[PDB]
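Inspection log for the structure reproduced underneath, given as structure tokens.
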Protein chains: 10
Amino acid sequence: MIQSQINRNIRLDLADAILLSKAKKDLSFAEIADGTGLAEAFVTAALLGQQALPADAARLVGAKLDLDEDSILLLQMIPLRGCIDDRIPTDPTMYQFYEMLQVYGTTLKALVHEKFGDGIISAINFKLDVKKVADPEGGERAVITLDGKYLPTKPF
Amino acid sequence: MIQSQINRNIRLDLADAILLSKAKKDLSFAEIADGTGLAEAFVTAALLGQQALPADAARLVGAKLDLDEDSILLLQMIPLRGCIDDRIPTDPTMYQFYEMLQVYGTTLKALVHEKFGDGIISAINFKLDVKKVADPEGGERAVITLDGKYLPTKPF
Amino acid sequence: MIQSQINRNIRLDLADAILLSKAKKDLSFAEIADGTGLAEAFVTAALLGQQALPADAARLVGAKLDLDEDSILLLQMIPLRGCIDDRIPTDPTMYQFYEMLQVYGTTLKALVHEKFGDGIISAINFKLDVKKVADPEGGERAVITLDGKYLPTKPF
Amino acid sequence: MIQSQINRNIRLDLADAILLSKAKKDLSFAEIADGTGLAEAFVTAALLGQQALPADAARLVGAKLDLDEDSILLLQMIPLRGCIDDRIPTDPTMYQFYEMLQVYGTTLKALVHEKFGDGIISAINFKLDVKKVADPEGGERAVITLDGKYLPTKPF
Amino acid sequence: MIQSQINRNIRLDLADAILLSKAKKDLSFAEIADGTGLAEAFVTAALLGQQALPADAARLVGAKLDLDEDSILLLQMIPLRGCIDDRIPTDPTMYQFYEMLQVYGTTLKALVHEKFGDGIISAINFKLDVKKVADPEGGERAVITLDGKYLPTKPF
Amino acid sequence: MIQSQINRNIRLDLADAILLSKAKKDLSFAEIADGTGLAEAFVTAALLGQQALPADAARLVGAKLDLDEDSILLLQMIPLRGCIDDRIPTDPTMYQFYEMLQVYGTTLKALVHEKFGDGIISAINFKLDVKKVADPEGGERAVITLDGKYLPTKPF
Amino acid sequence: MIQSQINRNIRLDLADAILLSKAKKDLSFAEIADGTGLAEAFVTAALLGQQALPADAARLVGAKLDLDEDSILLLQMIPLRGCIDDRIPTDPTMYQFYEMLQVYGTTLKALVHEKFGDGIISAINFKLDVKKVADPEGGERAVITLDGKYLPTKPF
Amino acid sequence: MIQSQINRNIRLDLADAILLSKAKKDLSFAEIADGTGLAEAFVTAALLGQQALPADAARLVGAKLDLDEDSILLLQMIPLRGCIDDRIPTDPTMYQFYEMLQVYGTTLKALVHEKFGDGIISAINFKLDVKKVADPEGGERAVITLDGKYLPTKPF
Amino acid sequence: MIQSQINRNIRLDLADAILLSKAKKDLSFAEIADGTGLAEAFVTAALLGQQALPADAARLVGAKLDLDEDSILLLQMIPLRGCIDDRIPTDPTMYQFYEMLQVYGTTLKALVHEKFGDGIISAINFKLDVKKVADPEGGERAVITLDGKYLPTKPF
Amino acid sequence: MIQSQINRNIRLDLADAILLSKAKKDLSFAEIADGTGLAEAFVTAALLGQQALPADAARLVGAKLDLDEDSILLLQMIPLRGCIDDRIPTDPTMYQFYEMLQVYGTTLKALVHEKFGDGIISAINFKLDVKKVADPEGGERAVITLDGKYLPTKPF
Ligand SMILES: [Cl-]
Ligand SMILES: [Cl-]
Ligand SMILES: [Cl-]
Ligand SMILES: [Cl-]
Ligand SMILES: [Cl-]
Ligand SMILES: [Cl-]
Ligand SMILES: [Cl-]
Ligand SMILES: [Cl-]
Ligand SMILES: [Cl-]
Ligand SMILES: [Cl-]
């Protein structure tokens, strides 16, 4: 039977315990996700309290991180989502994504309505991935792909 | 000589005027940008107060939209950027992008640090674009590509 | 060509002008929506700046309310939605609905996950209606039906 | 003698404990409420700290979940209600209901005054329920019924 | 047909104009409410944007204050209520009432539940009045009576 | 020698402990205050962290509730007052009193100035009480009397 | 008959006009308050929207500043007080007084309770003055005297 | 070597422990500061976490209050100052001082600039004291003296 | 006679007008400050509402910008300082300086106390400047120097 | 493998433990950073939870402070940065840096744009140092050098 959380702090406390174990074992998110059949972004989100793992995935990552039974069960709970402490991130790495919305948020709205129509690009019927690539000018770039379903707003 | 703004309301009020003109002329953002040599996302952002147009582009869009000279000059000013009225978007279309950050913000942080290192993906050395792709299961998806330079944080 | 707003105040100022005209003519929302082919809640939301009207509906309500051409045009624009002045309504009538969420929000989440699964009940693929019904015990009740699509959250 | 709470955290801490037991026992809210004579929404709300259980119902759910006496007592206290952590929900599932208010809030006000008069639709003399209905276009919808008494505002 | 507002600033701007007229005519709130058949507190609240006046009351106070027709019509509209600029009053006179709630709010909850039961004392089925009385120790006291219906919260 | 608090959490935590003891003993506020010589609203406010008990009353209520010596001493401290968790109450029972201020705050100011003069009605030289009165139309009403000294603001 | 305001912006807009006139005439606050028989701090506060002037003083300052009749009447109204734009001052001069409260607020509470007892030092039965005194170490000091009545909090 | 704090809670938690000890020993702030050679306002502020005590004063107060060594060392640390829990005080005693700034803040700014010039009255080069004086009309007054260095803002 | 502002919007509106004139005349801040004898940072801050210009400097920049007499007079007023719209900058250029504080704020506190002692580095007895320096690895750097007087916090 | 944090409190609690140990050993930040091969400002920021130490540096500071293995591992994790408790510092020492931004933030924007162009001065490609220098007029100054890369914002 599906189970869900209502207070984010239970899963966020579990996340901190996970990260400590992870650091002690010197593991990567890539290797934790290996063998689950699931995308690195999805598994990582789950570890960090923002997705639920199916039972087999939770047992696998639980074994890798030496997690107790309560914790393996908690990982399967549908979370009370919201990773930002207090609305606006303080961390520079997180903040930059917020700044992309402060600069381009209204452009995204405008071009979504022009290209698709009234409605939204879904954060639910949705996937994301992160790739590292050389910058032709030197250094490296991230190519982060947001891939969401268009859900129309129609009159009724 | 470069000119800059300090009160976003001057360019945001201009944005509303531009949008009224645009609607009266039944024009698209694609057609406004066509001929400037600049990407639609850039030109659109400038119209909406989040980027500066070079003089020629300002005159070109100014002609298309029947703008006055003060408006054409304002478009060339470096803006006081920030398109969200009060931190958290109210508009569903815009909010969904904020929700992507509430769900994946910490994952983005975690995977940036694993793939690149300490530091940030830049919103300055940065571009984005929006593409419509057919969803195999029916309907349409938006593929939004965030493309940002990695700037490392190193000891000194 | 579709047109969209980025500052809610343009359509909110239009809403106030609409309401003054409505009052001067002593019209009801029921009578304004009649003949549009659209639900009273949808048309009303449009007048109040929270939905877009198709052109024929915009011209029709514009005739009833004696709106100028710019106003008729504005009603067809995709709005920057968000009716609540500052996050939490101050008006008692509006506040009661927010209180429903303060008492039942987490119950809604839990029951949605149990009955449907991980994911959301959509406010986009969505309809609302308000019915007045006599209370068997004396007085009147409102039956407000929220009717939203289930969109699942699945691993990837 | 009736007993009441003044700090929501006592009952919200209990809720988390309840949710862990419920998960360990692989129980549903449906099952837990069955046998109490109380609506599933009402019982679930009580477990989640937003309603008080009558003594018999508290003892019944208490047995199912293996709760200690103090917990069974706490379930019977009139709660300090307010399930949302910090005014605006972060969780997508809960947020969609807030968005319904951001889109339709002023419409609900307007149509309530039109249909009933000045005053409110009550969140106190109030029932809600969640029903799953097949969507003719495929998949599933939730029909959530908010059923509140009209309380008039009259001159005095 | 009943008419309602959605932007408090319209009626609050009218309140400021009413107050200037009132001061120029050197009128009291008691004199303005006189003849109206309505309580001083109700009529005053209406002038200040927090109640609607019945048509005859509006015309009567409109005559006293020399209001134009748009204003007499506005006073009949159901308001978007909320007199506090930004949640917490700055004005010492208003603040003291908020302080009463900071000191006694939980006591009022506790004693309402003990004396009446679960539920609320209504701010809708509600009367307020202010009396001036001598303090037996010297000076003067306000006796402010909050008279609200008990609305029970009952299981379902 | 008088003793005072600077952090409300110490007395608020004691209040939760007091309420758990009260509930285990199935005691009422009326019976806890009875015998102290102090008004029920005052004693209740003390228990809930918003007033100081004199030593004898502290020992009396401490015997009734089986409190330890540090707790009995804490009850005698002048509190750091403020019962509302985060400025605006979330609990419907407490919120209704806030709403009375959102509706009637400016009216209270205006009528206080008219009847008394510039200055305040004091929340310090102040008492309150709650009386249950039959509603002639059916049910029960609370008459809550706020009784405060007028303190004038005069030129100097 | 006493008259009062409910929106601070009316008197704050007047204050700005007063300050421009004052600057054009190169007047001091000392000389504006001369002849009024009132303290410079009181009269100045009135000009800046935080006190009411008696009629004679209003006419006198109105003459000196070339104010129109509506402005002279406005100066006589009891204000909606609150001079800080958004709770915490931005201006360094004003912020230093707020910092004094951030450093010494709890000390003030503690020493007030010890020296006087439970209750408050009043901001209403109150005066303040600003004196310049030479610093023996070089330069100048301000000695700002806050003089307020002790109002006791007593059991009842 | 000088030592400093960055999280206020460590010293605030210590303050609470100090206050319990103080109350158990029935001590006054006056008695605790006696023999330190330092002003009671300064010593009190230190105990409450807003100043650092010199080693000899820390040891003297620590013996009076039976503090452990870690506590005596903590009192000598330079604090992370800020005594107000959340910007605006909730406590009536502390709030009245914030209200003096809401009423007179701008007047203080204006008179400081007139009497001294551009710049600030310092909260750093600063002392305060609280004196009790009889009120001729009956009762007691607090004369609180804020004594700060004028620091000019000069062009460069 | 020195004159001061209490509402920042007056000078911030003037700043907008100045910037439009500056842009029309294609002027730089460097050339506007030239001839004034005042640092570029100081003059610029004045134009932007954050400093007061001496009379001669006001007349000089006024001539360059073609300002009217009221504008020249406003530039000499001591401002109500505070350039950030709502506490945290939205603009990326301004935000980075805030971020410097989020990362290094506690380090600045710690090192200031170590190097100097208890107290502050002054924002009043303060200057700043911005220099451009070539980056040895390519591109350009800004070396921004914050130069503030140490003011000690001493016991009393 | 690189390891990162997502909850600032883990490292902030570590910071507090570090500062206790540091105080018990009577150590300076200068001495702690000595031998590390890294700048005092960088090492200090790491201790305070705002930077990551390389392994050797972490082991060395760990030896000087007698940290346990978990603590030495935590120091190597990339932090969830953000040292300010709640956006605006309450501590006077930290606040003054924020005030610098309230006075000069817009000037910094304007001058950055003029001297470099559109874009930012980076807080990432960035170093900071604090130098104590005698003031020629008497006393001491801090010279705080902010040294950041210019990152241009270019059209595309
Ligand atoms: Cl990925
Ligand atoms: Cl695009
Ligand atoms: Cl249900
Ligand atoms: Cl009355
Ligand atoms: Cl307390
Ligand atoms: Cl009572
Ligand atoms: Cl004075
Ligand atoms: Cl003192
Ligand atoms: Cl200003
Ligand atoms: Cl410079």
Side-chain angles (χ1 to χ4, degrees), chain D residues 1-11 14 46 49 51-59 62 67-81, chain E residues 104-119 121 150 152-153, chain F residues 10-77 79 83 91 93-94 128-132 142, chain G residues 155-156:
Chain D
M1 176 55 55
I2 197 169
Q3 305 298 324
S4 57
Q5 288 285 116
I6 66 156
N7 162 23
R8 67 184 176 164
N9 293 320
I10 294 306
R11 285 286 291 280
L14 178 54
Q51 294 300 174
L53 293 175
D56 287 0
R59 288 186 280 266
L67 307 178
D68 64 27
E69 285 318 302
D70 280 354
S71 297
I72 293 162
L73 185 63
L74 284 179
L75 287 171
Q76 299 164 242
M77 306 206 52
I78 302 330
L80 191 301
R81 297 173 166 99
Chain E
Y104 285 101
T106 49
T107 298
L108 289 162
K109 176 181 181 61
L111 298 185
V112 163
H113 298 320
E114 186 163 303
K115 293 171 187 272
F116 298 87
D118 195 2
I121 301 316
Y150 169 59
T153 283
Chain F
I10 296 302
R11 286 287 290 278
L12 292 183
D13 285 349
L14 175 60
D16 295 337
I18 281 175
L19 293 181
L20 183 61
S21 178
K22 182 173 167 291
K24 285 168 167 185
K25 298 173 181 55
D26 199 33
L27 293 176
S28 67
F29 291 108
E31 75 193 298
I32 293 162
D34 176 58
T36 64
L38 300 171
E40 185 188 15
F42 186 84
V43 179
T44 305
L47 301 182
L48 304 178
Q50 312 301 323
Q51 298 296 174
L53 294 175
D56 281 357
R59 290 183 282 263
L60 274 189
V61 306
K64 283 182 202 175
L65 286 158
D66 200 26
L67 304 182
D68 64 17
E69 293 300 317
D70 283 1
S71 290
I72 295 176
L73 184 68
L74 280 175
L75 284 169
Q76 299 165 242
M77 317 221 28
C83 81
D91 181 67
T93 314
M94 290 174 71
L128 149 169
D129 76 278
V130 184
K131 304 205 169 159
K132 171 154 66 170
Chain G
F156 64 90

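So you know, we letter chains A, B, ... as the sequences are listed, proteins then strands, and number each from 1. All values below were derived from every heavy atom in this structure, side-chain atoms included, with hydrogens, water molecules and symmetry-related copies excluded.
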**Prompt:** In a check of side chain to side chain contact (heavy atoms under 4.5 Å, CB included) between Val61(F) and each of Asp56(F), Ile72(F), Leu53(F), which one passes?
**Reply:** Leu53(F)
**Asked** Rounded to the nearest 0.5 Å, what separation is found between the NZ atom of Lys109(E) and the CE atom of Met94(F)?
**Response** 8.0 Å
**Message:** I'd like to know if the side chain of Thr93(F) reaches the main chain of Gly119(E), judged simply by a donor and an acceptor atom lying under 3.5 Å from each other, with no hydrogens or angles considered.
**Reply:** yes
**Prompt:** Should the pair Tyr150(E) and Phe116(E) be assigned to parallel (<30°), tilted (30 to 60°) or perpendicular (>60°) ring geometry?
**Reply:** tilted
**Message:** Could you go through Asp118(E) and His113(E), starting from their C-alpha distance and side-chain angles, then the distance that decides it, and tell me whether this counts as side-chain contact (heavy atoms from CB on, under 4.5 Å)?
**Reply:** CA-CA 5 Å; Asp118(E) 195 2; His113(E) 298 320; 3.9 Å; yes
**Asked** Step by step, would you call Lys64(F) with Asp34(F) a salt bridge (charged side-chain N to carboxylate O under 4.0 Å, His left out)?
**Response** CA-CA 11 Å; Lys64(F) 283 182 202 175; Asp34(F) 176 58; 5.8 Å; no
**Request:** Would you check if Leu48(F) and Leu19(F) make a side-chain contact, meaning some heavy-atom pair closer than 4.5 Å?
**Result:** yes
**Prompt:** Is there a donor-acceptor pair under 3.5 Å between the side chain of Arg11(D) and the backbone N or O of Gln5(D)?
**Reply:** no
**Item:** Expected output: side-chain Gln51(F) to main-chain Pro155(G) donor-acceptor under 3.5 Å
**Value:** no
**Message:** What's the separation between atom CG in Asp91(F) and atom CZ in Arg8(D), rounded to the nearest 0.5 Å?
**Reply:** 11.0 Å
**Prompt:** Are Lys22(F) and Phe29(F) in a cation-pi contact, defined as NZ or CZ under 6.0 Å from the six-membered ring centre and within 45° of the axis?
**Reply:** yes
**Prompt:** Between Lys25(F) and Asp66(F), is a side-chain contact (heavy atoms from CB on, under 4.5 Å) present by the stated rule, with each step listed?
**Reply:** CA-CA 10 Å; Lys25(F) 298 173 181 55; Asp66(F) 200 26; 3.9 Å; yes
**side-chain contact (heavy atoms from CB on, under 4.5 Å) assessment of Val130(F) paired with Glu40(F)** = CA-CA 10 Å; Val130(F) 184; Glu40(F) 185 188 15; over 6 Å; no
**Asked** Step by step, would you call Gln50(F) with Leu12(F) a side-chain contact (heavy atoms from CB on, under 4.5 Å)?
**Response** CA-CA 9 Å; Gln50(F) 312 301 323; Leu12(F) 292 183; 3.8 Å; yes
